[PDB]
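Below you will find one chain, with nothing else, as structure tokens; this is the form deposited in one PDB entry, and questions on how it binds or moves follow later.
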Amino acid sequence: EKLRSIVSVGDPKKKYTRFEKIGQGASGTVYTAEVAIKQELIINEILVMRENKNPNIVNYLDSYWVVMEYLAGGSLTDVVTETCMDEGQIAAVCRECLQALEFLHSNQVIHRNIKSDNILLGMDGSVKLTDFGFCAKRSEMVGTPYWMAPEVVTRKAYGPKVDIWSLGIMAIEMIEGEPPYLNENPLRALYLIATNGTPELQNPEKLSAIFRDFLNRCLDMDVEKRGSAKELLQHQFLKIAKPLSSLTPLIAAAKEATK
């Protein structure tokens, strides 16, 4: 009823052809057509994408199925799992991510599902945020276990800074290939986030002092003492960032590895 009155009219096979099933998710099934097409909470997802238009957010085009811009570079997931990123490369991705979060938070929107799987890359090195299926001071236990802030896990009145935590977990993936406790169960991971809070790196000695600082400001247990997207954009670590072209050899490596 509300849904039909938002979505455009017509057969979703009248405007688009060459349907090649690229991915599969719990949310739906992602196809390519160049555009990308997927097939109460579904209403919230569409409206959020329409009103919050930033170059650091995957551009929403139309609905009937959802139609978006196609980012040929793939997901940050293949880069974090198949390649080794240098600190400059990690800083470049973090800066673009905080630029997406800054824009969302300022416009009073919490993402709640920040992870590498929701980071799409352009063939030019562009870093863009997607999946607003979970977006919303707040009190519902929503997200992906391994990326959830402890206050979300423990069922406390959480805010926009929960996205800063998951970004800190996403920095761990960039370093190690996986979020902390990925070997464990999603349920075991939940107990571990609540009981341990700040996760440890397997090899912190390998990181620089600024990168160790940026990580501790993303993963601070005290919400007030944890950084905001505005605060972290001016961080020392973000100054060592590389141009976004430094990410295109990473994209080339992930394509070759996942073939």
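Counting begins at 1, following the sequence as shown.
One more form of this protein should be noted, the form solved in complex with a small molecule, which is absent from this view; the next part is about it.
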> Looking at the small molecule in the bound PDB entry, do all three of 103, 109 and 131 come within 4.5 Å of it through at least one heavy atom?
Replying inline: yes
> So which of 190, 49, 210, 33 gets a non-hydrogen atom within 4.5 Å of the small molecule in the bound PDB entry?
Replying inline: 49
>> Going by heavy atom distances of 4.5 angstroms or less, which of 223, 233, 215, 57 would be at the interface with the small molecule in the bound PDB entry?
In response: 57
> In terms of non-hydrogen atoms within 4.5 angstroms, which of the given stretches 180-188, 154-162, 90-98, 123-131 touches the small molecule in the bound PDB entry?
Replying inline: 123-131
